[PDB]
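A.B. asks: Let me give you the structure first, and then I'll get to my questions.
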Amino acid sequence: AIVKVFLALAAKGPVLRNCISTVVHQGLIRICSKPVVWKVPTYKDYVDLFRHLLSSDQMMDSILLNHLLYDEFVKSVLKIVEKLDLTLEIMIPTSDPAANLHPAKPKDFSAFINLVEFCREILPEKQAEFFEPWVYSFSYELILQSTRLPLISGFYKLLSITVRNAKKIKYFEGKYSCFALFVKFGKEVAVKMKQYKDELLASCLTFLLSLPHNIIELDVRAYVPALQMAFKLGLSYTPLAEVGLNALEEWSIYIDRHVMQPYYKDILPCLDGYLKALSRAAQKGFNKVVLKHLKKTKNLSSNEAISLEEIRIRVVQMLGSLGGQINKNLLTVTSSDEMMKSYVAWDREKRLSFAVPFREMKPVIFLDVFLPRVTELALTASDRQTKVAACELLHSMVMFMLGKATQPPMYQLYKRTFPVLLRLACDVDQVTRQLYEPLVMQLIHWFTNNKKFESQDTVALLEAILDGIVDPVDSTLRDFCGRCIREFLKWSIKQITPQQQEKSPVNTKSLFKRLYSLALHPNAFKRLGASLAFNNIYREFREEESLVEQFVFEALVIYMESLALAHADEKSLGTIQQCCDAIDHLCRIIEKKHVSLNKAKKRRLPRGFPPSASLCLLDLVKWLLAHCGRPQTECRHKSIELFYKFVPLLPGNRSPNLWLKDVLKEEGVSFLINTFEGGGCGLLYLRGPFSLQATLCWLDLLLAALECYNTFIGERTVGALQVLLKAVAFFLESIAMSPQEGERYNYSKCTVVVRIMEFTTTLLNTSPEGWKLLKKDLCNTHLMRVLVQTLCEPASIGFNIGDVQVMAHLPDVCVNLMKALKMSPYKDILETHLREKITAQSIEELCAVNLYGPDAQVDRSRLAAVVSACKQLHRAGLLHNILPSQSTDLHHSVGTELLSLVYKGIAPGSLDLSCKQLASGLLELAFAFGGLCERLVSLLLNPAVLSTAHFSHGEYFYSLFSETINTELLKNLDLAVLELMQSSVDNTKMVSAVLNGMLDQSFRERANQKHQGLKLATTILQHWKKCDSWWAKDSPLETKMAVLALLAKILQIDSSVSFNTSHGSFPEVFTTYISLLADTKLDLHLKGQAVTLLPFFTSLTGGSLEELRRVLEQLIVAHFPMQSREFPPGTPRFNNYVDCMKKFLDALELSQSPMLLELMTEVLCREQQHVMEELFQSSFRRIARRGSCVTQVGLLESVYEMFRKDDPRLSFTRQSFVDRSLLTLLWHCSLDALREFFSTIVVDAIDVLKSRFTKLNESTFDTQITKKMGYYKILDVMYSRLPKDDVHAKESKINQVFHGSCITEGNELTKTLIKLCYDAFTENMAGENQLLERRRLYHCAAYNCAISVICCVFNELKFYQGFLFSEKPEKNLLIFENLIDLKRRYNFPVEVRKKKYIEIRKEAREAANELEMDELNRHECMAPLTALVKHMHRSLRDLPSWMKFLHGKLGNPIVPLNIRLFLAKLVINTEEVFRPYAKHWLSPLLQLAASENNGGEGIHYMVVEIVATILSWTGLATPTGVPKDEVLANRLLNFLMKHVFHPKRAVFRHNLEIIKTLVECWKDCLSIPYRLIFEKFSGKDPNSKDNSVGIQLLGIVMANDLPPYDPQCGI
């Protein structure tokens, strides 16, 4: 069906053919949003559909494309990755994603790691020519994001997929640009991937080894550490151990056998680890059912889990067919490299005697011989159970060997023990890191101690820590040895006194000299370790004195020197920012003392000084001031910025604007140029590109000498006429050009040009007085030729394709160079140079008619050149001194020609993204000159036919380029509105769509622009005074839907501001909305979209707004049929009815309107119970809180006065407000501090609650009844949630209600409410027949009111003997005979668990041997009395009124049945009071069961629960002892034995459990009935089980005890 509808809507005009484009882009984001780890489908299940719909239609076109679906899917998968922003954010780290596993958006990361695996499983096949034009853009995009975001696994995964497909098709026989960029990124990853871990590492490895390399066979030497890492990180995670070997097969045929043959002693000898219910159905024959269970698991095997045996077999096959000359390298390198480093005695002599005590002999065995197996088994297990055992064994071994040595030294053995404890304490595991971390704290503590100080194991521990800090690949270990070295440093100074500790070789300064010799050591890890130690110890030793000023900030210069010595190793590896942190933590401690203690004593001498005696700041400032000219790259900046920060710290408290001039006027410019030049003040071989190692050193010399001038001149610190060169002319002869090393010359050669560009930029922009002092040879034909070579074809001046940093660096610098020449005397120099190269006739002739088609580079060079030229010319800050090109006022012709060129360019007589972006760049070129919006908007309204073998000629032109057009439209104001509204009635659909194209881009740029929304609104509204006339006869359906939608958008773009004081078009916009929703013009199911837009206007006064309410309720009463729903589901009446009703409800839920509540309540209080009545409850919870409580009391006032009015309504409608609309708003949380609706409410209806009952006519009677009953319910809800420290105390309720302030304490008016509600529910009605059908509700609500007010009594004593109980029945004030109904009947059906019954039988054996309103629980006195009885339980024989009054009234067999059911239903819910009183409460519960006045055919549910509740409290008054209960219990047993059959399955088991639990409880009032069981199993007629009940009952009555004796009572 899916392929049929897709193939149906694709054989027609191309407007509906883009529905198929947006539906797959919707479906991808649909299925790719689940959480990915009944059931939730993850993403797996959809691959079958996405495999079917692509091209299987050629075998699915039986009764009833592929490239369209393919291109749509690839567009939808690389369009999501455009807009995701996967930037990840956030004890010193060294590994790069160590603690930075904090993504910003987890619901896009989990929308991405799903996306990549879905793309992998859909696209490794069926690509036979389809994936070919989709490779460069995909790879360039992914290199761009992965360079912008390095360590995100998955970009490598999609890159591997596309390079697999680019291997499978040919594509690589060397279109040149992708081949040029892959090599650069290959070396980039192959140096970068060192400091990573598991999954990212596997990602980079399966990327690297999947490169084709039979045509990229150059430079194999930087892939071999990435091929021998797969086989060694293999063996546990299998598929990359597979892909390395598939690559090793891939190389060894096509690669020549002469670049390869030395590279076998490193590939092959690491390949040396790889040589080491069906029968349940079938037991009962095989007849079609084993066939069923066989075919239902015949399928479901699709996994290619490469198990290790196929690995070993392909290893041996490849090793055999590899060669004979070459195999035998496989093991000569080992057996002496790494084998005998394990094959040696650990200590030559053997230690560790151990006596294991047997019963009587005690031999001695030596714990050495297994230690090189316990140790290896602890570090790795490839096992789960042996791991924890070996770790525990090694921990106990370590404790033993520690305890032995203080009674036989062991220091030949600690050196190979102690490097295992760290690697175990910080590896990966949970439980062995719960261990071994306190072990390595304990051992560090005991060894950093004077009991074993200056000892030969302490140096083993320290050297093992330092070798732990400095190594290759172990990035999760150095940051643990940091905490070891901090504990080392703390304990070594906590206890040791300075009377000793003047000699020791484990001491503090020995560690410091260790650190400095590590620092100047040229191994990069060897000084990375020292900066890591400093990261971990600068939080110490500044928190103590007397060690600071001596040598560590002398060695601040050696940390600077370590930075300098880290000059040009590798920028990605992470040393430079490490040491920059190490000195960032040093400036903030030199600056917090040496502002104050600028002293002069002998401090320890740093490296690179003459041996002085005072070491204040001034010598270091002179160090930096004669050593600013250090020509290395990334230490110069730290030296300069430390100079600038250190000059406002001298005792003179100086500044660089004066101090540099002060030292320059005395020392000569030679002193401030020999520092700037150094020892390096001062060949036609540069014509060939080469990297002579001297010339790079002079290039570095040139860069340092030019950037030293930059700060002192371009910042106002010196005077440039004091200082103010031939080396730049020495270099500027052959600037425009060792196979790979030439590019290393290219980088440093392209370094100098951008620096001198910005240098001449600042030296113009700060020097008007020294303007002329520039020598004019810079205005020659070289700078203004490399300008055009920069903007055009820059791969022949140095700027490659393959470094995306400098190509985005260039518009910052070239465009600012051209902006720093507009205000110069040598401006016309640049003009008259450039006008022959940025000319307009080049633009005129290179936009030739041959543009579209199979031209792949020949058009592209010229078109990219001219678009780059013109766009950077526009950015250049100076254009109308280059190309005026017209003189009327201002115009240009070829831009409009390009508009017509692009419009003609798609006329039939192709679509690909390269030429499409060409077309977009050209149509963007066509806008920068002048206005031109009028010609485009006039072109768009063309009724021409672009004849296709034809639709509309220009709407597709708008839908092609859809952002550039309206982002041009949004630039200019105050005339775009008029030029759009002039095209009004002839172009209705297009002027609507282009106002949409204005607005929904205006709303999007909001937090950045914040002008265009409100300005577009306040400008578009004043032209709405003219374009009103749309809706009339002849289709107000169309040409009004756009009007109302446009209204909604122009009102949502701003606040509701054009509806007050008639400021905007409020008369106009008001009469538009009134003329819209005043007429019932459309059908039923279409005015919902119009009526959703209510809450904007609803803040005016009365008159017009109540006219809107009047026409709303007018169309409402026009709509609904008579009185209620009448709409069953399945129809477009019920569902759309409740949809527009739900729209009303959510508008009410988002509006704080004191009117629309009064609208919706009457339609609510017209049906008996609404369908979305619960949606009323949740929406009233929502509207119950709004803030600024003057509006809540307004809502309550509105409904209070809509109820208190005197219009003749029904009793039900007068009741239903005060039932379920205002009670609900009083219910959830109105406000706890809201007391206004109790203070200002009482005095007008409490008097009608103290009124007369004028029994004259029922029409004025029943409405008065409903009013009084509602006043009762209001008092109930206002005494329910109201505390008692203001209404039964001295506050503003009695102060409000009595008359002002009086002497009344508070407990007088609660009493006159109590006496009136107790005058209620005491009214007998013995002689009447009038309307008591509501008076029962009256009495019961008054009973609840009495409960509510005794709850606000604080319950210090028992007044319940007068209130709610104990009437005077001699005067017939009978409580129960009216408020209990006694006139309706009670159904109680038969039944229609087992765990409850087995639990109750278990507890009965061990003893002897929320609610649910069903039928009686809605007696509407139930739940408050349950709460009250529970309060009388947990507040403080028999108890008089709440226990003994019922004891008197329930043990009397004359009382009605329904009071007995009420009190029994009470006591089963409230048995907890009658748990310590049940020895009296034992008879009547069973009397109701045994007496035959029960109901139906017995109260069978009351029967089962009353027996369940009387034998729940077994162990306390079993039925024995009472004589009447004896015969009544035997009556119970005989009765239940009579009625026991009930043909349903489990309920018979239920019945038997009742009987057996009952007799098992009893067993003492023996009295078991006979002759009935005889009547059961005396059944003849052998065809049905009439005695099955008899025999199973006989098994019950025998299986306990007490045999079936017949001839005593039977026969």
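My numbering runs 6 ahead of the 1-based position in the sequence shown. Even for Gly, the Cβ is constructed at its ideal location relative to N, Cα and C.
#1: Using three-state DSSP, classify residue 1622 as helix, strand or coil.
#2: Reducing DSSP to helix, strand and coil, say where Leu94 ends up.
#3: Just list the alpha helix (DSSP H) runs in the region 1036-1072, keeping only unbroken ones of 4 residues or longer that don't cross its boundaries, in chain order.
#4: In chain order, what residues of the same chain have a beta carbon less than 7 Å from the beta carbon of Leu553, not counting five sequence neighbours either side?
#5: When every heavy atom of the ligand NAP is checked, does at least one fall within less than 8 Å of the C-beta of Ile1271?
#6: Assign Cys1171 to buried or exposed, taking buried as 16 or more other Cβ atoms, counted over all protein chains shown, within 10 Å of its Cβ.
#7: Hey, which unbroken runs of the alpha helix (DSSP H) at 4 residues or more fall wholly within the region 880-955?
#8: For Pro99, which residues of its own chain have a beta-carbon under 7 Å away from its beta-carbon, when the five flanking residues on both sides are left out?
#9: If we ignore side chains and look at the alpha-carbon of each, how far apart do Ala1429 and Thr1107 end up?
#10: Tell me whether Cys184 is buried or exposed, calling it buried when 16 or more other Cβ atoms sit within 10 Å of its Cβ.
#11: Please list the segments of the beta strand (DSSP E) lying wholly inside the region 755-809, counting only runs of 3 or more residues, in order along the chain.
#12: Would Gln201 pass as a contact of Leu731 if the rule is Cβ separation under 9 Å?
#13: Sorted by chain position, which residues of the same chain lie with C-beta nearer than 6 Å to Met1438's C-beta, five sequence neighbours on each side aside?
#14: Quick one: residues in its chain with C-beta nearer than 8 Å to the C-beta of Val380, no 5 flanking neighbours on either side, listed in chain order?
#15: Only counting the same chain, and skipping five residues up and downstream in sequence, which positions put a Cβ closer than 6 Å to that of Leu1099?
#16: When you compare each of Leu840, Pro774, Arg750 to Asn806 by their alpha carbons, which one comes out closest?
#17: Under a Cβ-count criterion, where at least 16 other Cβ atoms within 10 Å of its own Cβ denotes burial, should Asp575 be classed as buried or exposed?
#18: Answer with buried or exposed for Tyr522, where buried requires no fewer than 16 other C-beta atoms within 10 angstroms of its C-beta.
#19: Taking buried to mean at least 16 other C-beta atoms within 10 Å of its own C-beta, is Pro637 buried or exposed?
#20: Can you list the alpha helix (DSSP H) stretches of 4 or more residues lying completely in the region 1560-1592, in chain order?
#21: Relative to the alpha-carbon of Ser510, which residue among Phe1072, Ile491, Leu945, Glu460 has its alpha-carbon at the smallest distance?
#22: Mark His1345 as exposed unless 16 or more other C-beta atoms lie within 10 angstroms of its C-beta, in which case mark it buried.
#23: When we look at the beta-carbon of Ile259 and count the other beta-carbons within 10 Å, is it buried (16 or more) or exposed?
#24: Using the three-state DSSP reduction, which class does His108 fall into: helix, strand or coil?
#25: Return the CA-CA distance between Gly725 and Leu919, expressed in angstroms with no decimal places.
#26: Alpha carbon to alpha carbon, how far is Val446 from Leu157? Give it in angstroms, no decimals.
#27: Where does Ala574 fall in DSSP's three states?
#28: Look at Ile543 and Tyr565 and say whether their C-beta atoms are less than 9 Å apart.
#29: Of the choices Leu905, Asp980, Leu981, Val991, whose alpha-carbon is the least far from that of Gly960?
#30: Based on DSSP bridge pairs, tell me the residues matched to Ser359.
#31: Where are the alpha helix (DSSP H) runs, 4 residues long or more, that stay fully inside the region 222-264, in chain order?
#32: Going by Cα to Cα distance, which pick from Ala1348, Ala288, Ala311, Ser308 is closest to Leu300?
#33: Would you call the region 1137-1144 in contact with the region 1183-1195, where contact means no fewer than 3 C-beta pairs closer than 8 Å?
#34: Kindly indicate the opening and closing residues of the alpha helix (DSSP H) around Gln1198.
#35: Is it buried or exposed, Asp1531, if we count other Cβ atoms within 10 angstroms and call 16 or more buried?
#36: For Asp1291, does the count of other Cβ atoms within 10 angstroms reach 16, so buried, or fall short, so exposed?
C.D. replies: The answer reads as follows:
#1: No answer is possible for residue 1622: the residues shown for the chain start at 7 and end at 1617.
#2: Position 88 of the sequence shown, counted from the start, is the residue given in the question as residue 94. Collapsing the DSSP output to three states places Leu94 in a strand.
#3: Whole alpha helix (DSSP H) segments, 4+ residues: 1047-1058.
#4: Taking the sequence shown and counting its residues from 1, one reaches residue 553 at position 547. Within the same chain, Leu553 has close Cβ partners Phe547.
#5: For the structure depicted, the ligand NAP is absent and the ligand set is empty, with no information on it obtainable.
#6: Residue mapping note: residue 1171 aligns to position 1165 of the sequence shown, counting from 1. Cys1171 should be labelled buried.
#7: Taking 4 residues as the shortest admissible run, the region 880-955 contains the following complete alpha helix (DSSP H) segments, listed from N- to C-terminal end: 900-911, 919-931, 939-946.
#8: Here residue 99 corresponds to residue number 93 of the sequence shown, with the count starting at 1. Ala105, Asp485, listed in sequence order.
#9: Taking the sequence shown and counting its residues from 1, one reaches residue 1429 at position 1423. Taking the sequence shown and counting its residues from 1, one reaches residue 1107 at position 1101. Rounded to the nearest angstrom, the two C-alpha atoms are 45 Å apart.
#10: Taking the first residue of the sequence shown as position 1, residue 184 is located at position 178. So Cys184 counts as buried.
#11: The region 755-809 contains no whole beta strand (DSSP E) run of 3 or more residues.
#12: Position 195 of the sequence shown, counted from the start, is the residue given in the question as residue 201. Position 725 of the sequence shown, counted from the start, is the residue given in the question as residue 731. Taking 9 Å as the Cβ cut-off, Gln201 and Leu731 do not qualify as a contacting pair.
#13: The residue labelled residue 1438 in the question sits at position 1432 within the sequence shown. Excluding residues within five positions, none has a Cβ falling inside 6 Å.
#14: In the sequence shown, counting from the first residue as 1, residue 380 sits at position 374. Same-chain partners within the cutoff: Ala396, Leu399, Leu400, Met403.
#15: Position 1093 of the sequence shown holds residue 1099. When the five nearest sequence neighbours on each side are left out, the beta carbons in the same chain lying within less than 6 Å of the beta carbon of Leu1099 are those of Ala1054, in order along the chain.
#16: As a first step, residue 806 is located in the sequence shown; it is residue number 800 there, counting from the start. Just measuring C-alpha positions, the residue of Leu840, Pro774, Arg750 sitting nearest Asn806 is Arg750.
#17: On the sequence shown, position 569 is the one that residue 575 refers to. It counts as exposed.
#18: On the sequence shown, position 516 is the one that residue 522 refers to. Answer is buried; the Cβ neighbour count reaches 16.
#19: Working through the sequence shown from its first residue, we reach residue 637 at position 631. With 16 or more Cβ atoms within 10 Å of its Cβ, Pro637 is classed as buried.
#20: Listed in chain order, the complete alpha helix (DSSP H) runs (minimum 4 residues) inside the region 1560-1592 are 1578-1582.
#21: Taking the first residue of the sequence shown as position 1, residue 510 is located at position 504. Ranked by Cα distance from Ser510, the first of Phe1072, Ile491, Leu945, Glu460 is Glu460.
#22: Within the sequence shown, numbered from 1, the residue matching residue 1345 stands at position 1339. Counting the other CB atoms within 10 Å of its CB gives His1345 a total of 16 or more, which places it among the buried residues.
#23: Here residue 259 refers to the residue found at position 253 of the sequence shown. Residue burial is scored here from C-beta neighbours: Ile259 has fewer than 16 other C-beta atoms within 10 angstroms and is therefore classed as exposed.
#24: Start at 1 with the first residue of the sequence shown, and residue 108 comes out as number 102. Strand.
#25: Sequence index remark: in the sequence shown, residue 725 carries index 719 (1-based). Sequence index remark: in the sequence shown, residue 919 carries index 913 (1-based). One alpha carbon belongs to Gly725, the other to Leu919, and they sit about 56 Å apart.
#26: Translated into the one-based positions of the sequence shown, residue 157 becomes position 151. Translated into the one-based positions of the sequence shown, residue 446 becomes position 440. Going by the C-alpha atoms only, they are around 33 Å apart.
#27: The residue you call residue 574 lines up with position 568 of the sequence shown. Reduced to three states, the DSSP call for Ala574 is coil.
#28: Taking the sequence shown and counting its residues from 1, the one referred to as residue 543 is at position 537. Taking the sequence shown and counting its residues from 1, the one referred to as residue 565 is at position 559. Contact check for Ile543 against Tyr565 fails: the beta carbons are separated by 9 Å or more.
#29: Mapped onto the sequence shown, residue 960 falls at position 954. Across the set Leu905, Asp980, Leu981, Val991, the C-alpha of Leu905 shows the shortest separation from the C-alpha of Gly960.
#30: Taking the first residue of the sequence shown as 1, we reach residue 359 at position 353. DSSP lists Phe372 as partners of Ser359.
#31: List check, alpha helix (DSSP H) in window: 244-260.
#32: Working through the sequence shown from its first residue, we reach residue 300 at position 294. For the residues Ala1348, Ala288, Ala311, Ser308, the minimum Cα distance to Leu300 belongs to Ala288.
#33: Put simply, the region 1137-1144 does not touch the region 1183-1195. Fewer than three CB pairs are less than 8 Å apart.
#34: Along the sequence shown, one-based indexing puts residue 1198 at 1192. It spans 1196-1210 - the alpha helix (DSSP H) in which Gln1198 sits, taken as one unbroken run.
#35: Locating residue 1531 in the sequence shown gives position 1525, counting from the first residue. Flag for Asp1531 reads buried.
#36: In the sequence shown, residue 1291 corresponds to position 1285, counting from 1. By the neighbour-count criterion, in which 16 or more other beta carbons inside 10 Å mark a residue as buried, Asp1291 falls on the exposed side.
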